[PDB]
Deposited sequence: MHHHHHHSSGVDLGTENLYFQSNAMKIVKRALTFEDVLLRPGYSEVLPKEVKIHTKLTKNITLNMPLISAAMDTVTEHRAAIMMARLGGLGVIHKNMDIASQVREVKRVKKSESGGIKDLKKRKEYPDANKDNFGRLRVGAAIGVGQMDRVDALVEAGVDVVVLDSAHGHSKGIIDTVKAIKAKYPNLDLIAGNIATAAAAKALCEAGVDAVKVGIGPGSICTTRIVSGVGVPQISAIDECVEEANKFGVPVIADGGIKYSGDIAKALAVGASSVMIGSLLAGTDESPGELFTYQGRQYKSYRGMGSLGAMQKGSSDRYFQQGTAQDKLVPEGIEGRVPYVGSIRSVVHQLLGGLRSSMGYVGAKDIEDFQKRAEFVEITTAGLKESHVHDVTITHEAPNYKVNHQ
């Protein structure tokens, strides 16, 4: 008989229970670790996609206290030129900016397997973290590349992904990564589970990996499938240390894509890295568009705002406390229906709730 290992939950299967609280939303700390050695002032990372992060968006992210990861769908020269543009910028309008020993904004940069020349370049341009991202991080090529980079650059922080199992986490942490990115399938533009049948719902994914990663003191980045600030709060409460976000940031002033107008409204194009457009045979992503939403800064303000309200409901003074206090319930579909807005036509724009 076939081997079913578990019944796996995603964000919409669970809610956080309220607990006794002596703290206010504005008082809670959202400091967090990005890797074993790098912290963040806010727990959000903009995704390493050509429709999301480039030098401009990586600057806002650091200024607001998180990070952006320059994508790798460009030649070595260009990624160096984008990284240098983040290191040359600077931030009182930005009190929580995420800077380095020289007071320069932190930035990350993506690489593929066996791309040493690119790591060589990014390291000398001053990259703070290298994000080795694959469609399948639990692979011999990725482990080999991890050990080879930690040999050459022992002081360079390295993030590797994407994985979705305790086994994958143990293997990477043993190869010496400084954080693991978790997510096979969750992303809004991802078709992997449909074209290949592979994937693990993200809440169960994060839960499986944090349990293994913690044995190594290795932070877990929850990558993909965030649709609302609440999904962030669920991701952090299960034990992830930071969240990587793409779709919610691509419709902003700061993302690389150009603005255009279709049938009255303004959009930006958003596409998967594994889609046909971005690979120019058998794609695993789609090409789409998202509505224009304004500045990154305002989108980010609402997401963190919801994280803060969540921590106040749970009663947590900081992220680590959040994770000790968190208790969940599993809901049914009808419970999801009641969690959303029901039986009323929305008539004004809500800044943190659309459908």
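Enquirer: Which residue ranges of the deposited sequence are not present in the modelled coordinates?
Expert: Sequence ranges with no C-alpha atoms are 1-23, 115-123, 313-328, 404-406.
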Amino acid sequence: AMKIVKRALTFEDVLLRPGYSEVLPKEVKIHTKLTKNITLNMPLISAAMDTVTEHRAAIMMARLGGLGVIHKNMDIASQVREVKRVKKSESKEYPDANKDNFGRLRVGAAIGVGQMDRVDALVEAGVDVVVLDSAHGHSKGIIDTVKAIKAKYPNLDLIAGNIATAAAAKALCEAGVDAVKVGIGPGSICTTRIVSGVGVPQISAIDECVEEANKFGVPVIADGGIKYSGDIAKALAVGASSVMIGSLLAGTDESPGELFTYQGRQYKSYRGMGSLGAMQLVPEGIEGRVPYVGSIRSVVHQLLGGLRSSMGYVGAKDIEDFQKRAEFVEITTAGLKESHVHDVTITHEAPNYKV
From here on, numbers count along this sequence of modelled residues.
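Enquirer: Is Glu90 without coordinates in at least a third of the other compared PDB entries of this protein that model the residues flanking it?
Expert: Per the records, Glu90 goes unmodelled in at least a third of the other entries.
Enquirer: Comparing 116-124 with 196-204, where is the mean C-alpha B-factor higher?
Expert: Mean B over CA atoms: larger for 116-124.
Enquirer: Averaged over C-alpha atoms, is the B-factor higher for 92-100 or for 67-75 in this PDB entry?
Expert: On average, C-alpha B-factors are higher across 92-100.
Enquirer: In the PDB entry, which of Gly225, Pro154, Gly272, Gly137 has its C-alpha at the highest B-factor?
Expert: Reading the PDB entry, the winner on C-alpha B-factor is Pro154.
Enquirer: Out of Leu281, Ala213, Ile163, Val107, which residue has the highest Cα temperature factor in the PDB record?
Expert: Checking the PDB record, the top C-alpha B-factor among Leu281, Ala213, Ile163, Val107 is at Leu281.
Enquirer: Test of reading the entry: by CA B factor among the chain's modelled residues, which third contains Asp253?
Expert: Its C-alpha B-factor, which the entry lists for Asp253, ranks in the middle third among residues of this chain.
Enquirer: So where's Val341 on the chain's Cα temperature factor ranking, which third?
Expert: It belongs to the highest third of the chain when residues are ordered by C-alpha B-factor.
Enquirer: Tell me, lowest, middle or highest third: where does the Cα B factor of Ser309 rank within its chain?
Expert: Ranked within chain, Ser309 CA B lands in the highest tercile.
Enquirer: Please place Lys26 in the lowest, middle or highest third of its chain by C-alpha B factor as given in the entry.
Expert: Ranked within chain, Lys26 CA B lands in the highest tercile.
Enquirer: Please say which third, lowest, middle or highest, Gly288 falls into when its CA temperature factor is compared across its chain.
Expert: It falls in the top third of the chain.
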